[PDB]
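Here we start with a single chain on its own, the form deposited in one PDB entry, put down as structure tokens.
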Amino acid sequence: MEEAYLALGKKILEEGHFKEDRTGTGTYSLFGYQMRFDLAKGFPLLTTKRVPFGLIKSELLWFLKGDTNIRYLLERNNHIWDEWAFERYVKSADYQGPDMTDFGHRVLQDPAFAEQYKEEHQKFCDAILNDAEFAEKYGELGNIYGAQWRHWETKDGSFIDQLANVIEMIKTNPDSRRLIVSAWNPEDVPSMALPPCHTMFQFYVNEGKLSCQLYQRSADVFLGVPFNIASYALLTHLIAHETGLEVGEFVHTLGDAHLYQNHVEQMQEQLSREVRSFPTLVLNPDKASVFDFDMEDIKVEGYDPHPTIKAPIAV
């Protein structure tokens, strides 16, 4: 239930001790958490603030087609993966605009700098979208979620399609205890723009219902977790659709659940709002495979949330 999520954010506000982090922003943090969402009770897209499903869709599709290049994402006007690509670009030999050291923090404090970042960011996206050589070198994120789900590279010159295998074990072996997809590949971690935040997931089956547990090593509570819940819920409806099954519980397990110190006013303002009905997910009955779904094949209807609460993304 939404309440479960809202309770996480309260609990970190109350009890989460302060902890320095890679990004430099600062966080309040807990270790070890578990939220459950019965998906039969509604599609878990938060109603206490507007959460952009279109962006959740395209990021999922992007993960399922096995792709790790932002061009696809930018073609559908999704900029949620932009900064890590931009950061890679500005640290490269090829970049020659103004010094973008520390842009993640300096856009908040310095207005003529944010304008400069805004300019460079705009030429970066237009280069990715219109220069195939540039897209190819600088849209790339490494072997992040998509590469590991579809094309986990083997020792002897091949690849394992993890996701597709697990879908097929669900169909023929619904009681197996190894319905597991991992994105944590120790070989590829240092190559990755970021190691996987949602690290690994497991499926389970009882009386014709499909349930999923996610292990998430690092959980950005205000910005990310609303994405991840919806992302993994959508994935579960997709797999239940392909596999001919009803939809079960999504269980969200966390390692470091953190509230960025600059998300606190947002998380308090979110707590002051009454919970509304979850929406209903709608899928194309004509599509048969998880991997056949496109943007028009997935809608959410009945979504009537409270207003957008803006916050700054860490790094």
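So that there is no doubt, residue numbering starts at 1 and follows the sequence shown. Under this definition, the rigid core comprises the largest set of C-alpha atoms superposing within 1.5 Å between the forms.
A second form of this protein, the form deposited in another entry, is not displayed here; the remarks below concern that form.
Shift analysis on the rigid core between this form and the one not shown singles out 68 from 253, 68, 270, 58 (C-alpha displacement of 2 Å or more). Relative to the superposed rigid core, residue 222 undergoes a CA displacement smaller than 2 Å between this form and the one not shown. Core-superposed comparison between this form and the one not shown: the Cα of residue 150 travels less than 2 Å. When two forms of a protein are overlaid on their rigid core, residues whose CA moves 2 Å or more are considered shifted, and residue 79 is one of them between this form and the one not shown.
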